[PDB]
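Chains as they are written, first to last, in the authors' numbering: chain A, 2 to 90; chain B, 8 to 931, 948 to 1126, 1135 to 1376; chain C, 92 to 167; chain D, 1244 to 1342; chain E, 349 to 398; chain F, 151 to 199; chain G, 13 to 63. Here a beta-carbon is modelled for each residue, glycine too, at the ideal position from N, C-alpha and C. One structure is given below, encoded as structure tokens.
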Amino acid sequence: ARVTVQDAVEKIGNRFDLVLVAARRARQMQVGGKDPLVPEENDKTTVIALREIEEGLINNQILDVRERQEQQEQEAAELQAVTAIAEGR
Amino acid sequence: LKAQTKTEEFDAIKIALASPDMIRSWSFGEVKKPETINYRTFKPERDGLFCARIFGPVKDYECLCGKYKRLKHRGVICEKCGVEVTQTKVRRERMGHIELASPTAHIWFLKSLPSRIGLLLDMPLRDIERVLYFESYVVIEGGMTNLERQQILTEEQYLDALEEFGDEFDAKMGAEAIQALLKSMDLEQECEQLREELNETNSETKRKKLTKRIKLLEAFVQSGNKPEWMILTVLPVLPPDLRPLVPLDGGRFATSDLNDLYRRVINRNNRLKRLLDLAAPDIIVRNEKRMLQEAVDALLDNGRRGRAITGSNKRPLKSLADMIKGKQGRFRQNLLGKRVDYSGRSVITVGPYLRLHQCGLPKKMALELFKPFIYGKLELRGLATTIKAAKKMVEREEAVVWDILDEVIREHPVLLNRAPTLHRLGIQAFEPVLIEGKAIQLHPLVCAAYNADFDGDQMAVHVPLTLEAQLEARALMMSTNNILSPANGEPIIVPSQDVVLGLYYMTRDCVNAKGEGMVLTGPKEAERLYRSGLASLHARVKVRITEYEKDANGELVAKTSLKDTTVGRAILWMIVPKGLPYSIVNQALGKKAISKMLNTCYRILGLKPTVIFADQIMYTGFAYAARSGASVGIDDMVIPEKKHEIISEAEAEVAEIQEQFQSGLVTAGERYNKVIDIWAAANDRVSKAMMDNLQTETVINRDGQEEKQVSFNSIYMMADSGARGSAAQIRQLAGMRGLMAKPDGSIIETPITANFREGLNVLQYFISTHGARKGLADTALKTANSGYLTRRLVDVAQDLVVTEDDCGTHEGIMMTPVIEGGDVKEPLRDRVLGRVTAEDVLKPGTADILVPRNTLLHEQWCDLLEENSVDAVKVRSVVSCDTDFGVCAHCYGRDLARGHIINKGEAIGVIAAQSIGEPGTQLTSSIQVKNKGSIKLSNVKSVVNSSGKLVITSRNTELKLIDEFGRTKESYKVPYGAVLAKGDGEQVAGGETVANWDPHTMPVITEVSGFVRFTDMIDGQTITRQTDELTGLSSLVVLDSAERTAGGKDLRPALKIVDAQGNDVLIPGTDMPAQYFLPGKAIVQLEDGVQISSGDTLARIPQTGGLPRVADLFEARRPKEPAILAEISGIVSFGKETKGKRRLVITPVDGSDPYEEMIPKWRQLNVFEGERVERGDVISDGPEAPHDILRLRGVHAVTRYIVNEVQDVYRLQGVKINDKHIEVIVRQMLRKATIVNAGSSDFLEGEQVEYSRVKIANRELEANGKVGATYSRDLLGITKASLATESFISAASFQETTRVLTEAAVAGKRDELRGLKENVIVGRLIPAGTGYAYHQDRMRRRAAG
Amino acid sequence: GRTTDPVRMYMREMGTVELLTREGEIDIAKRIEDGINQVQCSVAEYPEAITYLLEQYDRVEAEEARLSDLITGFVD
Amino acid sequence: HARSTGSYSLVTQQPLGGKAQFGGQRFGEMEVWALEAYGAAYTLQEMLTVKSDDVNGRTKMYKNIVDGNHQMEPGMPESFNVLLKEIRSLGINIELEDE
Amino acid sequence: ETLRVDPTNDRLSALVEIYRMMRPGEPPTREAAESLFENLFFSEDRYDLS
Amino acid sequence: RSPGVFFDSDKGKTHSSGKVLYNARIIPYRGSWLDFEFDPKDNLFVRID
Amino acid sequence: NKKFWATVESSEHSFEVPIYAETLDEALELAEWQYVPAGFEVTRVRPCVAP
Ligand SMILES: [Mg+2]
Ligand SMILES: [Zn+2]
Ligand SMILES: [Zn+2]
């Protein structure tokens, strides 16, 4: 149970962006996209995301870089498939 | 890319007038019959108010007759009875129409205050209604004949006119007429003509009313509305499911009144069509048309007409207007309230075992609340086959589901709320702890914010469904994250009653007890000594302690010493973490100091240490309070021994004054005042007695015979600590209680000579009753008043939210201590604290910048400022902020439940209003220096008199006490003509008299010396001859011009200063001589020829509060007897006398065109007819109107007036509200301004200072080099300022719904949201907080690539 | 003046007409007779008016329509 | 008292107790102002949309709730929609624009 | 001074101005203005102080 | 309020003048109310109900 | 043709109202002739400064 989000508000400021980003991550987990960055103490995706913020390994910048990388991770596999669609000519 | 076709996200609702074709659009069929259902088979009769063919199938995916019942056949229209088979939900959607025989006026555009149909054609309503009822004809397109266009005629007149002109002259009557008018009207041509007209004749009463109309015309044009549409051709019918016929038990039905209305309209319409086909006589077709108009009106809005009643029911049927407007004041379903799933409530209990971050949640409750989640987890792990089976599991409550629930409860917070929600703390988030029983356990420390007594108050619970709601609750609404009142930096988590009594009983010390005098190493064994019973909790014992200080940069120091403290304090220290010095627990620890402990802990150690600290403080508080065995007995309340004596002596006083009045020595009222005075005096005596006999009276011994200290009496410990009770209440317990006033409000001279511990007899109780019921009524009502105030406040602010990070303006207000009269009523520190600087502050010696530019002033910086002598600081405020349509972060401040600078996007208006409104429930001869210091005379002109003293010749004069530190201590106002023993730059001692004057007199004192001459003073006219009877020294009394005889009324009397030669001694340093005229009623002192000196009198002239105060302030209400201020700087004279209102002519020394006003001189004047006065000077006395301050003095002047006054209301009651919030209310309050000079926008208009400023600042560069315009800032009351909102959907909430809807409709307004209320209505993410990002990105994508 | 309620509007608007004198009833009814029967004579002077009646009665005896639709009674 | 998902009202779709299963607690204007002040946007949205007035929102929520996915697909509250129809029933044309 | 503000003259005129008060806008009649005023405070049926 | 005649004052707030007023009201157990009232010009006025 | 503010008093409070005239005395008389029949005691008439 994360009692105070203070240490989390420290890393990423504004405290609203905190809730937004940490939500984004918490769903990056709960929807099964990925797995935690730190031991899950039985903490739910909410608190897991928060802890991830405290450790400074998760924020808007980091998440965006990760995701934008994953877009190419998929473009690589699809490189052959979508290119074979040239029939549009 | 292609724009779009069909449903997607949406923004920007538009509203406008409807067209017959546009109406025929939403209509999927015309209802031709009043019938509803078949009366036997309840199926809908086709082509009726309820129809499947036009609207929708009765049951889902099933055609009426039943040819296609299968979910397969969907987009198929049935052959038999065309009904396409689709969800019955579309019966809530599809609309229909009715084709009206004769045209009909839309009542919303007829009887609205700005009658729209009327002012569009500039036709009076009385006339248009006369035309509609067929009372008279009306011309249209008169052509060149005999007659105007809008002109009206009568029967014989229309006839005669027709006989004279067959064609080329046209006239109609009825609705068709008005339609013809509106249709024929040419907007553009009328515009041209209006322009030429505006230009030809120049008049104020002409061109103003002209331009005002041309504006409305062209606006109506640009709107897209065609005037014809004001007249109804086609009438749309509301979907059936929105006015259902639905069944009921007992076979009975129920239906909306709209069905009765629609039925009437349809029936009458049909009857009209028939009567047309039957070629009925005129009288009949007219009567019918009239009736139809009446019906259509009753349908749209009932009550602008004869108020139709529903079938076999007296109550008037609810029309469509009422369907919109709703009721219970002003809300439509999205404000007043809404029912919400996943929620509950129950009575609340204590739960001292709780941690501040949690609450006991009843087992059954948590089961029912999380039921959906429980299902999910249950069949997620596989304990349940299917969802059905899971339901059956928890329905049975199988033993496993408890643990399954303990899973979902862990990190999932819940929201708790109480009935009177005032400030955001009224709803907080906690962590659920499963508890047996039906009661909710609430952490005691939070009991303060909720204002929840345990007397049976109930608390509602809500479940944060979506993930975002969970994180929102845990990072914002989380209880542990708000420890600080958003109104003021002070902690709201402060220990309440039991706990503070405990810590009090510990930190207390007695004289001689166990272990007294001994010595022990650590508190660790100091606890052992007490627990063993070998040492008493309170005794003075020197003991070693290791206290830490974080003084090293980011680093905790350590030390130790033998401290003189008590066993109790020593034990208490075990809780206090780290950096806090031991000096914090060495005191008596009252409810005040115990708070400052927590505060300092927060501002030093951070959040977490403060939280855990607080939890601990609560636990130890309750524990030791219990161990203390504090109780309340009947003997614990001690009545003074001297009481009866005091009572008897005062009782002798009353009989003395009684004998006096008996002998007529004193008048009835004089006597009454005397008796009440002496009785009140007695009350004070007994009170100040009982408090003494209660307070220190405990007398004890240590090693000697007698040494006396503070009392250990229970009720006293309670009142002293701040646990509960106060000296004022205890006063009612022990000493006699008050005097009571009869309902009239006059105080009775027979007080209550008995107290609660004694018996109150019949009388005393009865007399107390009135005050009691008065009290209950008063508070119960002031609750509602507080609510209303808060509402007006949130309406005026709302959409105001932090937008820009830093606006970057050097503008701000100057923050100084309040210095009220004798001593400081509020320090400089609390004022500047938590705010930012406008610019670099300097030490008394300069070249040194203490605090640079703009930096948040936090505890350290405030301390640094306190180190030096700084007496004031320029602070950036929301009111001075350059940011348009919002407030920049740097300007606002820090304050919040956190100590950091304000976050970008938090809504400041809301919190401001809530903060101002929460405390709202609780509400209702010569100057002698106090401290030691120096003298400062601010804004004064004086002269040295013949006595060697100093006399003041100026009206506005201040006296400041400047101590050896250079900062200000005291401030006073010194009346004109006052003698001083000191002067500017001198030194005084404590209690040395500086200023001296006569309050009953307004001296004429001269600034020079010479002989007194009489110029234009004649007896019988200007002066009256009278001699003193008590002495025999005579003076010629001046006669006022409201009295004087024929010739001498026009002549002003004067005492002119001359010299020995017979010349004229002038005013020092000027071309102007010295002549000081005399006023009315002013009795002269010295006669003609007598010699005088400086500082000598030429003559002598004779002579609310509470919550509604706050309301009257924020509303900018002009008081009853406002003091009038000089309009323009200059020397002012009198004349013309006219009609009881004396003229005042201000003569400018600089310029000319001296301005004259008519002031009712029955009021006493503060000015001098022979003296110059700066602009905004007192020409009289009494409360001053805010409008005046703004107009004359300045924007910052009035912005200071408001805040200072309302703060003067709250601070008198012990309420802490940071100036910030009030300053935001002010910023909104003055938002609009009026233009003076032209060059871009309209002349006399009311446009926003923000809109203006953005426009002129846009025009100061580019555009025209500068074509920019001048304005004047305006002061509008909060209720008036709330009236202006760009969003109409917002306006439909609080304002009158009808009007707003119409007024916006004609102009074709486009509501873009962008605000809070307007968004809440449509159920979209709030354009603030967590959603400010969303609305930002959306706003940016909008109106761009 | 108009008290706005249509009841009084109609009530007064109708009260402007005088009661029919017992002679006037017969006079007006007479005018009616003159008019109607005039349009009837106007019908009878139309050839196609007669021809149509014939062409329809042909369909009546042909069982292509009933008499009740083409007439009710003769003068009788 | 407590409730998760109960019966609703026919006229306006809103939580209402049929079985003496108590309809949801009332969320008033002040109770809204609290969430405003806090700046909890989604809490508010779901409060007046998916948990109450949204006829699709409620069920589309419940499904995600059991599926272990905490989210909301809010849509438009039936109150405002009803108001749209009520206003447009008059001679007033009120449309939603853009995209 | 009350008389100087009085629009009426005789009993009939007063009864009319009264009937056009209690039931304004409909044409006043003698039997009407009489019946009304008599039926208000003087009627054993429609009135009583007990 | 028991049926009968009632003599009230209604001073202060009315008209802001301070000349006050005096009103009488005859309230029966049943039927219309008979009101008599003054005004600033000391003109005696009457109203039913 | 000019404009002057006219302060009118009352029971619970007082308030200012625009009065259009030419002469200050004409403004006074128009203010009387307007408000006096209503019973609003006329305090002061100030010419609008218009800088
Ligand atoms: Mg209570
Ligand atoms: Zn069918
Ligand atoms: Zn700013």
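query, result
"Status (buried if at least 16 other CB within 10 Å, exposed otherwise) for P1317/D", "buried"
"Per-residue DSSP class, three states only, for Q1288/D", "helix"
"Ligand 2 heavy atom lying under 8 Å from the CB of residue 1193/D", "No answer is possible for residue 1193/D: it lies beyond the span of chain D, which begins at 1244 and ends at 1342."
"Short Cβ contact (9 Å threshold) for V886/B with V1257/B", "yes"
"beta-carbon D462/B near ligand 1 non-hydrogen atom, thresh 8 Å", "yes"
"Closer than 8 Å: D891/B CB and nearest ligand 3 heavy atom", "no"
"Burial state of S670/B (16 or more Cβ within 10 Å)", "exposed"
"Boundaries of the alpha helix (DSSP H) in which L863/B is found, first to last residue", "Looking at the DSSP string, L863/B is not in any alpha helix (DSSP H), and its letter there is neither H nor E."
"For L387/B, three-class secondary structure by DSSP", "helix"
"Beta carbon shell of ligand 2 at less than 6 Å from a heavy atom", "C70/B, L71/B, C72/B, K74/B, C85/B, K87/B, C88/B, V90/B"
"Three CB pairs or more closer than 8 Å across the region 848-866 of chain B and the region 783-795 of chain B", "no"
"C-alpha distance - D248/B paired with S319/B, whole-angstrom precision", "23 Å"
"Beta-carbon neighbours of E374/E, restricted to chain C and to distances below 8 Å", "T94, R99"
"Closer than 9 Å to chain F by CB, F27/G", "no"
"Beta strand (DSSP E) segment containing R1174/B, residue limits", "1173-1178"
"Within-9 Å CB hit, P30/G to chain B", "no"
"Own chain, CB closer than 7 Å to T428/B, minus 5 neighbours either side, in chain order", "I434"
"Length of the line joining the Cα atoms of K598/B and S503/B", "8 Å"
"Contact residues within the region 95-115 of chain B, judged by C-beta distance below 9 Å to chain D", "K96, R99, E100, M102, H113, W115"
"6 Å Cβ shell around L78/B - same chain, five flanking residues per side excluded", "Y68"
"Closer than 8 Å: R883/B CB and nearest ligand 3 heavy atom", "yes"
"Test: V1267/B CB closer than 9 Å to a CB of chain G", "yes"
"Length of the line joining the Cα atoms of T1230/B and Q72/A", "55 Å"
"C-beta neighbour in chain F for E44/G, strict 9 Å", "no"
"DSSP state of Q31/A mapped onto helix, strand, coil", "helix"
"The region 867-884 of chain B contacting the region 830-837 of chain B, beta-carbon criterion three pairs below 8 Å", "yes"
"Contact between the region 966-978 of chain B and the region 1194-1210 of chain B (3+ Cβ pairs under 8 Å)", "yes"
"The region 1326-1335 of chain D contacting the region 320-332 of chain B, beta-carbon criterion three pairs below 8 Å", "yes"
"Alpha helix (DSSP H) runs wholly inside the region 535-614 of chain B, at least 4 long, in chain order", "574-579, 600-612"
"C-beta neighbour in chain A for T1361/B, strict 9 Å", "yes"
"CB contact check: residue 106/F to chain G, cutoff 9 Å", "This structure gives no information on residue 106/F, because the portion of chain F shown stretches from 151 to 199."
"Short-range partners of chain A found in the region 600-622 of chain B, where Cβ spacing is below 9 Å", "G613, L614, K615, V618, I619"
"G14/A at chain B interface by Cβ criterion, 9 Å", "yes"
"Any non-hydrogen atom of ligand 3 within 8 Å of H545/B CB", "no"
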